[PDB]
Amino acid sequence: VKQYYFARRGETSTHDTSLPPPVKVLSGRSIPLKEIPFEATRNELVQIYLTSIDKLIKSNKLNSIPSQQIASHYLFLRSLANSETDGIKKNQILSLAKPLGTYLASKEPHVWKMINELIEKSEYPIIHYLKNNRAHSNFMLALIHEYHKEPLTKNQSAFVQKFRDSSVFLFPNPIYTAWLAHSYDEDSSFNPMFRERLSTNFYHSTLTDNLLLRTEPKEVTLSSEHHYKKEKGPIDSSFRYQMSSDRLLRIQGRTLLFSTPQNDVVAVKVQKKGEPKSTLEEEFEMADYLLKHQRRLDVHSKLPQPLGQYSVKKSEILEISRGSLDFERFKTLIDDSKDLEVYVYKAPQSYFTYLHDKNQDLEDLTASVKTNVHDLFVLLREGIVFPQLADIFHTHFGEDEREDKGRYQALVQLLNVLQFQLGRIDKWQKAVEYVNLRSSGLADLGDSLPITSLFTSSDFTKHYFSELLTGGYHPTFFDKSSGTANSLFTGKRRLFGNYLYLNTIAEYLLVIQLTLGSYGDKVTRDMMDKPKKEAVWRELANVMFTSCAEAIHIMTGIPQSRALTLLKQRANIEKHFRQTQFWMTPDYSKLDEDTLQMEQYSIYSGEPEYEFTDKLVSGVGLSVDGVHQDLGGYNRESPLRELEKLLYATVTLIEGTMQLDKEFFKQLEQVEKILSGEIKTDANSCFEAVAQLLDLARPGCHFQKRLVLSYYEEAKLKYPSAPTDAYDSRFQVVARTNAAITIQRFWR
């Protein structure tokens, strides 16, 4: 059977089509919203940096700045030059750098030795020099503030305010994307966090935003045979299902569950109060589509078998259900009319077991989670989004008048202005109480959305993400000379589909996380074996991290095991286990001040403790309604800080790999045109282009480096007189590793 997707991903010129106008209305006054251009503003700042380097050299003050900052300047200028095609600009950059180099080899020659070690390893050596906490020293901004003796423009000031945390945010596209990718490698100690006058700054979400603002608007095209495209005529439900009260097992929601001789289940889904017929026909057609294409897509879920869709007299439904003890609540859900549409289907018993069910042992939970994670993301690749797996809300206080409608935003910092942390989750266990992830796999398949609805001003996106589609307003954005409110955020109108694509990924994994935590609390609540409680929470952390790596694998092709190693460079599974166990169980409500602090120190290690003024509710913990536990205090952030780092690391690895691959193939096409003759130039330029392709390969991906080595061998044959001393070291490393592989694999 041929396995492939009915969905295709490319790029388009803009997402800013049929959007709400970029206007904020404040007290009857309409304020126009303007974009601050990312790339143009970034480039202006790098130019100012270069003129500041010029002044630093003329001033002969080089004696006065630490060697590490001189090295950073030098290595960045060398990386910048190598990325600059224009030979005049390139030599302009190399001239600004020579005085620094001359200085280092004389007065700081051991640092100079290290510099050349990196230069002999990479064409963007600055990225390997900043694989650590040197990335938090903003040498570029410090130089601009010391030598640029005039105000920055409003655009520039707005840029540096958002991207103050690190010089890397000023790097040109290929150098930033390559730095971001390799910052996850196994020799990297880079963590997007440093300490600030006792205060700790976390800027993991800033990495993702600096990346996304560089990307092209994406486009998804669905095949003609796709569920949301192909015209499948009306359903032919010639077959009816005879309900017997004697076969009724129980009621869940509006769905009557009947037994069969085969010990699976026949289910009758009955129209809700205000549910149209389409919602029922849609679930029928989606189930049929997924059964038909189950092998093509390799869907692991045990899919329900659709049987019919027809009308039934209320009176008949009421006569057969009237025995069950759920009768009264069922009557309250079904439509008041006397002629009710229904959807009949057959499914195994495990389809009605919610994935958080505490009667599953950890081994069955793990397998069922894997099936759900698998299908969620293969179906995302197929172009199908499930925006109602669960009911996660940040708040209910201002629900109707909130732009977000209270719906939780898994990457809120990217989808709103001046939101720095994931917020309180309201009644977090209740959000997944009826989750559409089951022991068997996915369920409730009719509540679906074509992926293309995330890239347009659909009803869904207009309802929940109006701010992102409209633009950014904040009093500090107001330019009184123009009467407009300017921001980098308003630039996202053009790219908002890229943002919601990643938010969907993080949202799925947040649903998984809450489902795991609901399982964890319920199975450990009555456990008297205390070390065993911790072991369960430890393993649930492993399952979450594994789920994130599986999503990466499914979306990028990165091997699952490397994806896990990449995630663990950035997210600390021990902190995650301690934080989830601590805040997702009620035990902490029994603690007093001194004990809470000590416990918090253990789960955050060095980081700041979770601060709150809320009055804890006995036996629950943080709870606005006094009954159901929340994750976070009122008007405060979620305490699951490592979870936030993990979700951002996952989507940053997915998106960063996607963009790294794009840079890799752009440079590859360039290398192949130089080797073929389409682009005729000298041998060093050819060697340089090939060495740069090496820098754009996925961290840990050997076959990519094997390919680059093959281009380098071909390049040496094309320029047989050319000296190659400046590049053999790095490619000999690849050659010896490659040779090692072949030997190792033959023995297997």
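Residue numbers here begin at 1 and follow the sequence given.
- The PDB entry reports B-factors from which the mean C-alpha value can be compared for 224 to 232 and 648 to 656; the larger average falls on 224 to 232.
- Across the two stretches, 214 to 222 and 394 to 402, the PDB entry reports the greater mean Cα temperature factor for 394 to 402.
- Which of 525, 302, 575, 331 has the largest Cα B-factor in the deposited entry comes down to 331.
- Per the PDB record, 67 has a higher Cα B-factor than any other of 43, 67, 704, 52.
- In the deposited entry, the Cα temperature factor of residue 145 places it in the highest third of its chain's modelled residues.
- Per the deposited record, the Cα B-factor of residue 274 falls in the highest third when ranked against the other modelled residues of its chain.
- Among the modelled residues of its chain, residue 691 has a C-alpha B-factor that falls in the highest third according to the deposited record.
- When the modelled residues of the chain are ordered by C-alpha B-factor, residue 553 sits in the lowest third.
- The PDB entry assigns residue 310 a C-alpha temperature factor belonging to the highest third of its chain's modelled residues.
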